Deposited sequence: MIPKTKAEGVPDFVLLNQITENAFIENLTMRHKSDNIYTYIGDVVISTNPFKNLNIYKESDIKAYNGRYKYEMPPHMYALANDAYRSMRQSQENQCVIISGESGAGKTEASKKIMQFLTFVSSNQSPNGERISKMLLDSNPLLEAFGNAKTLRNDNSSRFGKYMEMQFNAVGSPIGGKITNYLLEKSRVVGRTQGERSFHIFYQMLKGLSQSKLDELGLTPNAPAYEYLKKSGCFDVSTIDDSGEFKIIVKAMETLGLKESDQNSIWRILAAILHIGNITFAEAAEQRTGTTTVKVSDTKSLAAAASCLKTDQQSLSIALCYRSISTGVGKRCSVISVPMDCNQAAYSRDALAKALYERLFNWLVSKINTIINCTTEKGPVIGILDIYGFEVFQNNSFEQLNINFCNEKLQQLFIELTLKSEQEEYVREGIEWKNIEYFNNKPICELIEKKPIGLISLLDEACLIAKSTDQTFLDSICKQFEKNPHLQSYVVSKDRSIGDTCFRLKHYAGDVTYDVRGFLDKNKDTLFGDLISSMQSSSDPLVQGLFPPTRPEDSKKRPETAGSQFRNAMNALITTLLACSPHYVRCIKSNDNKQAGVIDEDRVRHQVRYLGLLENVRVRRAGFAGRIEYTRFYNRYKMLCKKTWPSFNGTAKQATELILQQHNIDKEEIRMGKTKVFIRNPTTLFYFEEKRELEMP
């Protein structure tokens, strides 16, 4: 087809899709838009990620070779080495577009050209890489959109020294979908590790844990009714994780310490409750499970039981519902903590505190998703994709253009459709979705329903937000509300939004765990999830705006994981809401590089005959000014080549 869309004959959305479909059908996943990498999920292995390929793109310039993920990594690395500044790769795409795999191809590259033979160098490399399979086991799950699906945001920072060697790395994780442990969409599956452990551990360790090799045997796992995935090999996979556990310094001592907690969560899920017609209170039925759970958690079986059936020196009995609620709340707290622990545990072996040096961050977040029923989790994941989208725009389209005028470079303002910072605004500060939901949590009387009314009244005079009430549209359920995201409309069900945002665990349950003798358990137990995630995101965004950007934009080829197939409409939608066309457009009318003035002077003199300098150097080198415009403080050079010229002459 045609690499880099700026070279499209006729710059039109249709042309764009035609070119993209053409490439994809012939296994040409990658295409450029000038430094930006556009990739289309192949849904099958393409033998193009071999070390030889790594060697092929290493050092080379973007034009010397076919568009490839590596060219981006190579630029990021070289730039870091050169300017000695921090780089960051922001990868975007819906769920299943292929962000997780791309972020790994990027590391593979860096963690290789970066080392050499240096066994020490490639040693830590081995560690940074093994961290992926490890976290993937506890943070990924098979949703309906993706068999792998990352259920947590991740920002991986590659640490190098001035010389350019891998010295370490630190991982930053974002709000995990812990609710997936106790309940999920039928057809879907819980976190991998659970299934893999059940088919990986020896019948010995299994019995010591009170477990039976069979997912159906457990409540939490049985619910969604799905225990296998043609795509995944649980048994064989578990062996990999365990290797990784050791490569990261988690001997069979730690491994077992972890296994217990997972086994405990599994047992907790089988605890049933009965009407304790004795006073009336509620009591545990499937006692043996309650025994096994307390057995693994290494705590007093009784204290536990009492924590599940009463509140708090005064103990108020609770119904079969509040009991089941607390049961699930406990399981969720355990996993969330265990996961957060696991990352810091890794960060301990990987994060270099000694040396200080340049860093290359890689962003891998949960992509935009829409299901039959969307709840609190989806709102956050999507909100997070909204922010990321807002960032691309602020950089890639708004920023670049806004300069062209500010410098005074005759510019035909190319209007990038939706600016979308309005979908953020509708959910961050005073009088915003999560801010209302937050403040509504304070009023001990309000309920999910009363909250919906706030939103519906406070807004709906504001686009992006609809409801059956105001916009008399039956599509919106009676307990739901429509949100017009940048990537399409989504309908959230307010049910459970309060207790989800409250995110509370009663002291009785906490104390019942602290009372554990297992060093790990008690280790796990030594401001609304919403407002908190809101901070994490704003923090993340300010840090990404402190590095040199490199963009990768993944496009989901189709919703059936079909290799070599394009979903015309579906892909056309993405291409549109992403603003890729308004990119090729800008890239055209615009100029390749806009090198500042004083930076040209104190750099390109030798070529020159002995902002005044700027001009002189060009005139004495002949270059159609229809290729360069003089700015108030920066110079502009339309095409790449007419810039390679000067630089290839040094």
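Deposited-sequence ranges lacking C-alpha coordinates, in sequence order: Missing CA coords at 1-8, 288-291, 325-334, 549-559, 644-652, 693-697.
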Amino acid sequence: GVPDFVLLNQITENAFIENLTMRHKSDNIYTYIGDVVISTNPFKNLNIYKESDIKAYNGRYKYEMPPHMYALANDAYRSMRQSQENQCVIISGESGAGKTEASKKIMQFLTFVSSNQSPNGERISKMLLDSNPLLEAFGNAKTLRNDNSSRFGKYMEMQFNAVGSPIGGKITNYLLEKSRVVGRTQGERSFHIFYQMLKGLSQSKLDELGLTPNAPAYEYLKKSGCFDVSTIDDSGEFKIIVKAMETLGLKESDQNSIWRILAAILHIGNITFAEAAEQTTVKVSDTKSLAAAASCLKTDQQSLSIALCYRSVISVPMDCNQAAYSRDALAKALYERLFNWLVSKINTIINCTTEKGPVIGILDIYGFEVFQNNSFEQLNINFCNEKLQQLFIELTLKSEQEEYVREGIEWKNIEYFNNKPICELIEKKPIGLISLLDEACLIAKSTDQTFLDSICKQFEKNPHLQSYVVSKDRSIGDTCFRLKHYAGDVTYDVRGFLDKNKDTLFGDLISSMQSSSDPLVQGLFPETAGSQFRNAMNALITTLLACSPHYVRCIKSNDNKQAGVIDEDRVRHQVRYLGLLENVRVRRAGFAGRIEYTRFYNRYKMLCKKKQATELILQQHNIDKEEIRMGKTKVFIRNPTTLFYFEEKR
From here on, numbers count along this sequence of modelled residues.
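Of 330-338 and 390-398, the stretch whose C-alpha atoms average the higher B-factor in the entry: Taking the mean B-factor of the alpha carbons in each, 390-398 is higher.
Stretch with the greater mean C-alpha B-factor as recorded in the entry, comparing 618-626 against 30-38: Of 30-38 and 618-626, the stretch with the higher C-alpha B-factor average is 618-626.
Residue selected from 556, 99, 445, 105 by maximal Cα B factor: That would be 445.
Maximum C-alpha temperature factor, selected from 317, 139, 269, 358: So the option with the highest C-alpha B-factor is 317.
Entry-reported Cα temperature factor of residue 601, expressed as the chain third it lands in: Highest third of the chain for residue 601's C-alpha B-factor.
Relative C-alpha B-factor of residue 495, binned into the chain's lowest, middle or highest third: Ranked within chain, residue 495 CA B lands in the middle tercile.
Entry-reported Cα temperature factor of residue 593, expressed as the chain third it lands in: It belongs to the highest third of the chain when residues are ordered by C-alpha B-factor.
Residue 60, C-alpha B-factor rank within chain (lowest, middle or highest third): CA B-factor rank for residue 60: middle third.
Chain thirds of CA B-factor: placement of residue 408: Answer is highest: the recorded C-alpha B-factor places it there.
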